[PDB]
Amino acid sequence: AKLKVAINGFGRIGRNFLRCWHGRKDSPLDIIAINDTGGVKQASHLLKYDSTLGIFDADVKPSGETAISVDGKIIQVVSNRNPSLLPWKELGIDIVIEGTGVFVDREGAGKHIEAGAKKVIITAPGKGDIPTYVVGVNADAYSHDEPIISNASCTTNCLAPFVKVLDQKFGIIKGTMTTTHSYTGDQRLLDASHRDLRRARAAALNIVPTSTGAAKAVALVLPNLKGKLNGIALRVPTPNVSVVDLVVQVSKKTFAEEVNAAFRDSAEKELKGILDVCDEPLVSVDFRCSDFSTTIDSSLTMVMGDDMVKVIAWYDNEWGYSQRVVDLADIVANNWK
């Protein structure tokens, strides 16, 4: 029997998750329900038409007053803001993909379990006693008896992979980081109220600085990096695809070329499929739909004074993350005891 999956929050990560899964090969999962404040009208139209991804090459037509049909498969489209009131027990849901961005805390994520679901995966950094995992970095450490887990944030998944390599092979004493990130739906379209007075500013018109937890989050999946990193973010006028700029003071003297090699190795061995060295003089858009969590721009790699390293890595924050979420969902399935 295949694991039954419910998607809470059919937004950007929610919809990228389905389209990722769809393109999967022998998914140990079966998306059978969606939930979101909108009904079939939105859930359907928005899954078929995407300004970022494009039109979904699949049949996406409503399927009755409460469901959509994707290539013959029917998916229940429920619509209740209160997770405690979802047909999870009634639909026999195994894994819930929490993509609302408003149930990332344990008491909130647990509501899904109270409602029937046996497990919940927060598509964002979690709050509370929530184990955090990053595929290719430490998801191997997951345990079947853990009901609620976090897949972290899109920046930690780009950072973690190559921080692992850098630390292991050179020993990261300390470092700082900056992610020039594509704007998200959290910022405003035009100057408007927001708890953060910077995110309140017209998103597509500005370079908007904002904090990030990635630098400190890395320490959750890479214990050794605890207290060593630190960083910020610069939201820029692009709809998707971002880049993280890391500078670390390594313990072992090295050079740009030696560093890029280390990555290419990793790309072939342990981080096979998660990391990827690019040697082409490309640009942001060239990475739309990149299945890699982190792609080093090898030619940008710098080494100042023998031990100060600069590394720029690309990532598609919507797609790349979503794929990762799927990989973690598959991991949670394969450990299903």
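Just count from 1 along the sequence shown to find any residue number.
Set 87-95 against 242-250 and average the Cα temperature factors; 87-95 ends up higher. When 153-161 is weighed against 202-210, 153-161 comes out higher, by mean CA B-factor as recorded in the entry. Per the deposited record, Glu114 carries the highest C-alpha B-factor of all listed residues (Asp196, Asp186, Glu114, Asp191).
Looking only at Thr294, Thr37, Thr52, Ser284, the residue with the top Cα B factor in the deposited structure is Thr37. In this PDB entry, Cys289 carries a Cα temperature factor that places it within the middle third of its chain's modelled residues. Among all modelled residues in this chain, the alpha-carbon of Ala329 has a temperature factor (C-alpha) in the highest third.
Per-chain ranking of the deposited C-alpha B factor places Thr301 in the lowest third.
In this PDB entry, the Cα temperature factor of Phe103 sits in the bottom third of its chain's modelled residues, the lowest group.
For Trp314, the recorded CA B-factor ranks within the lowest third of the chain. Only modelled residues enter the ranking.
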